[PDB]
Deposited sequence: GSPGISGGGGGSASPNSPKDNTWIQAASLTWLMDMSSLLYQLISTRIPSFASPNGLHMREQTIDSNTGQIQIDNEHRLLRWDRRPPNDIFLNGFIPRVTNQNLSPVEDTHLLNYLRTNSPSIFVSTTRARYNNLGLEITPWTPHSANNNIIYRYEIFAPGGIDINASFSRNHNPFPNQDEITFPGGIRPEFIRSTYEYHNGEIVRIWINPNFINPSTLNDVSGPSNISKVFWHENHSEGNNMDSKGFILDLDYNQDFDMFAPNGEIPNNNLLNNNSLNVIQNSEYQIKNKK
């Protein structure tokens, strides 16, 4: 099915084979594998659990994100389908593509959240930690080998065509490594769960709305999700 790009922010988004067959076995032996169970086999609804919780470190404010969602750097229909669907090259060099990266949320064997892959620049200035629950996505870990190239972040889940805002539940607004606010996306696909949004105590849990006054705080875009620009610092709880 095409559940695999079902969250695509690109309306105008063969493409499987376009990406998939440009790959060496050295890099992707078994091959390109995808995310199974992103959507309830029963309802055709978005699976909202810890196993499928995803995150994206971005320096762009919700006024943009909660509005437009995550749109790939290659945004036009007149793309050079060729350089722009080259997964390995994207994963290796972070060259502009139709891909949008996210990282699995991490938990201990108790179901308690532990540190996730984190950008090295995380403690500097304004960066956001978006929470995503979306259908499909490429399981980088299952598609490639850990010591070989393009040396990606195994906890990575790549979304060809990006992700629509409706799949972004919330985001933490950090200022110099300190949580400052917790935003909630009223428009999230399954609002019944807007309640479950975890977060620190004594930190304003605001509800985003278009053109929100404080939803546009940012430094004076795929950079912090680039493998070499981060790592899983530790396995400590949060």
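Exercise. What stretches of this chain's deposited sequence are missing C-alpha coordinates?
Worked result: Gaps in the modelled chain, taken against the deposited sequence, lie at 1-19, 33-37, 245-254, 273-291.
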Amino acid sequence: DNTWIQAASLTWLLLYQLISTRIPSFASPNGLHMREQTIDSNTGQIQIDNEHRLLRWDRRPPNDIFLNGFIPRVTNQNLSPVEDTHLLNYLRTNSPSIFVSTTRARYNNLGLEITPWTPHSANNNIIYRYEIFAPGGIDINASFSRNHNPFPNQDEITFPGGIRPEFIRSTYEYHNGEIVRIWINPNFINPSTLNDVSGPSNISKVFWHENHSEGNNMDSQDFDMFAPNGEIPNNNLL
From here on, numbers count along this sequence of modelled residues.
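Exercise. When the C-alpha temperature factors are averaged for each of 172-180 and 56-64, which stretch ends up with the higher value in the entry?
Worked result: Comparing averages over the C-alpha atoms only gives 172-180.
Exercise. Which wins on mean Cα temperature factor, 156-164 or 106-114?
Worked result: The deposited B-factors put 106-114 ahead on the C-alpha mean.
Problem set entry | Per the PDB entry, maximal CA B factor within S9, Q221, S20, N217 | Checking the PDB record, the top C-alpha B-factor among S9, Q221, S20, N217 is at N217.
Exercise. Among the chain's modelled residues, which third holds the C-alpha B-factor of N141?
Worked result: Its C-alpha B-factor belongs to the middle third of this chain's values.
Exercise. Based on the entry's values, in what third of the chain does the Cα temperature factor of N94 lie: lowest, middle or highest?
Worked result: It belongs to the middle third of the chain when residues are ordered by C-alpha B-factor.
For this session: Using the B-factor values recorded in the entry, state whether the Cα atom of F70 falls in the lowest, middle or highest third among the modelled residues of its chain.
Result: Its C-alpha B-factor, which the entry lists for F70, ranks in the lowest third among residues of this chain.
For this session: Please rank the C-alpha B-factors of the chain's modelled residues and tell me whether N125 sits in the lowest, middle or highest third.
Result: CA B-factor rank for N125: middle third.
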